[PDB]
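Novice: Sharing a structure here in structure tokens format.
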Amino acid sequence: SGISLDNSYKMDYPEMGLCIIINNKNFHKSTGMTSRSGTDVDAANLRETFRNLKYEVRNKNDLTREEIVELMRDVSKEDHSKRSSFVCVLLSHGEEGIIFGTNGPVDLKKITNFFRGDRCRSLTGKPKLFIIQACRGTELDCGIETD
Amino acid sequence: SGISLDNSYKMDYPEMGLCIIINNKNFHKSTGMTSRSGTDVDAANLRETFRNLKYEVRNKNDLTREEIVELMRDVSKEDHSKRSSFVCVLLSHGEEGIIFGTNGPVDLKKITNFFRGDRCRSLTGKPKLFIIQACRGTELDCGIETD
Amino acid sequence: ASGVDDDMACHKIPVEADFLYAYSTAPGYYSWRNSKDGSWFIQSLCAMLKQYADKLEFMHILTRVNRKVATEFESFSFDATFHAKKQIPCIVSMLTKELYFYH
Amino acid sequence: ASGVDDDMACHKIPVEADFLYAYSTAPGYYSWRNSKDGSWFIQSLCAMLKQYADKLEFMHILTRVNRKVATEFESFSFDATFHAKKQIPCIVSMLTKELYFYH
């Protein structure tokens, strides 16, 4: 055939892939974390948006740190051979490098490691997207008037 | 006039801007840091590459942590009104969030803060690019055989 | 030219390759959420995806998200400490190819 | 629609906006340099800039750099601990517009 460049990911597999949405709104009283009002609006908007992009959207609400790890592990162990990509959206409280389960923190690295090129072979060479809505610290941006 | 979109930075100012290259090859014995053989090749390649992109390239070799901060402060205090952008290339030893001067570390945040939208007004709204060749930790990527 | 670190017989890629992290905010900063409309970042991301997913490469879509959040949002708080603040999302790409949701 | 955090009378942008950090390696990882040819990242960045600066948007150029470093380089060391290792650069964008070096 003609010249082949290969500058863009192959996105024409039978399935676009999974879009896992972890929506943590309510946290255990013991953690002292406040409820995240408005997160359901985000979760619904994401579901509809990725639905239209042809992703297999799966939503989970208020997961403990254990459930988050279990979910990610299970998902990474599925056969993604016929899927073009993988998407995971995390909606919760957080700090730099951390996302909170309803009962405690989860290192983002622990979550993403399950999808490493050598640990999830059916996703090797395919784009793995992690969308994170959570704090990364306590700094505030005062902004600057534009001109 | 016709429809204006404004999706790309205005890069047609009189000058493309500065390209500051900090090339740290030799470190003070007291720091116990090894010399970075081959960095001069990088510095020269960068100078030529950005020269062809019409940047005003300025090179500095073996700067102490104090000199790095002083250089950045002075540069951020120049009038960049007629410049489209700003580029800074850091070549040295490093750790996460740190770049090493010949006599000690410098927080990358300290360097970049000088160029904040509210602290360098002649660069507000203009792209500020920081190219960093340095370690960000001690992890090694074992890689995975592709198929 | 020849060397010890290139043109390997057995092709491998980094285990950290092909990951994209779309952070709602810059490193070390709080992330803002409207208790009624949702987070600034997710609101904007969905809006840009709906409008540009069949037209632009993903990084360019995320760049539009960066601009939308940066220009259109500013916090409101009765607490002066948290009032009139801004936010800039943070795109972290370890991708090796362009990504289009369409083909 | 109307709200407390949008459509501000006085337009402001985040002080952290319009920054782009092109890291040679992923967070937490060592960065590789050839004692004779220079660093894998800078070698590749200059090569892609020379070839694509008058053709591609900056993020796309950096994506090519990511692929070049990821596929073409692998370390060689007499020390098994540091032998046969890989690297993936890390693009961190807080830019709000597309960037072309030409006009």
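Read the figures in this text as sums done on the coordinates, not as results from a lab. Quick reminder, even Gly has a Cβ in these numbers, built from the backbone with ideal geometry, and neighbours come from all protein chains shown.
Novice: Between a residue in the range B:25-47 that is touching a residue at least 12 places away in the same chain (Cβ under 8 Å) and farther than 11 Å from residue D:42 by Cα and any residue that is part of a loop (DSSP other than H, G, I, E, B) and among the acidic types (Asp, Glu), which pairs come within a Cβ distance under 9 Å, given they are 6 or more apart or on different chains?
Specialist: Every condition considered, the pairs that remain are B:25/B:62; B:26/B:62; B:27/B:62.
Novice: Okay, next question. Do we find that residue D:53 is without any contact (Cβ under 8 Å) to a residue 60 or more places away in the chain, at the interface with another protein chain (Cβ under 7 Å from one of its Cβ atoms) and either crowded, with 19+ Cβ neighbours inside 10 Å or in contact with a helix residue (DSSP H, G or I) (Cβ under 6 Å, 6 or more places away or on another chain) (or both) in this structure?
Specialist: So residue D:53 fails the test.
Novice: Collect the residues in the range D:50-103 that are of a type in the set (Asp, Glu) and closer than 18 Å to residue B:10 by Cβ, keeping them in residue-number order.
Specialist: D:54, D:57, D:98
Novice: Being within 13 Å of chain D (Cβ to nearest Cβ) and assigned to a strand (DSSP E or B) is true for just one of B:57, B:41. Which residue is that?
Specialist: The unique qualifying residue is B:57.
Novice: Just to be sure I understand, how many residues within the range B:70-97 are over 12 Å from the mean Cα position of the chain (by Cα) and of a type outside the set (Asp, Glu)?
Specialist: 12
Novice: Pull up the range A:7-24, narrow it to residues that are in contact (Cβ under 8 Å) with a residue 12 or more places away in the chain, facing another protein chain (nearest Cβ under 8 Å) and part of a loop (DSSP other than H, G, I, E, B), then point me to the one that is farthest from the chain's Cα centre (by Cα).
Specialist: Applying the filter and picking the extreme gives A:12.
Novice: Out of everything in the range A:85-111 that is closer than 19 Å to residue A:46 by Cβ and assigned to a helix (DSSP H, G or I), what residue ends up being farthest from the other protein chains (Cβ to nearest Cβ)?
Specialist: Result: A:111.
Novice: Suppose the filter is more than 26 Å from residue C:102 (Cα to Cα) and touching a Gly at 6+ places or on another chain (Cβ under 8 Å); does residue A:94 pass it?
Specialist: no
Novice: I've got another one for you. Consider the range D:69-87. How many of its residues are closer than 11 Å to residue C:11 by Cβ and in a helix (DSSP H, G or I)?
Specialist: Here the count works out to 3.
Novice: Output the residues belonging to the range D:9-68 that are in contact with a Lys or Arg (Cβ under 8 Å, 6 or more places away or on another chain), under 29 Å from residue C:72 (Cβ atoms) and not in a loop (DSSP other than H, G, I, E, B).
Specialist: Selection gives D:12, D:13, D:19, D:20, D:23, D:63.
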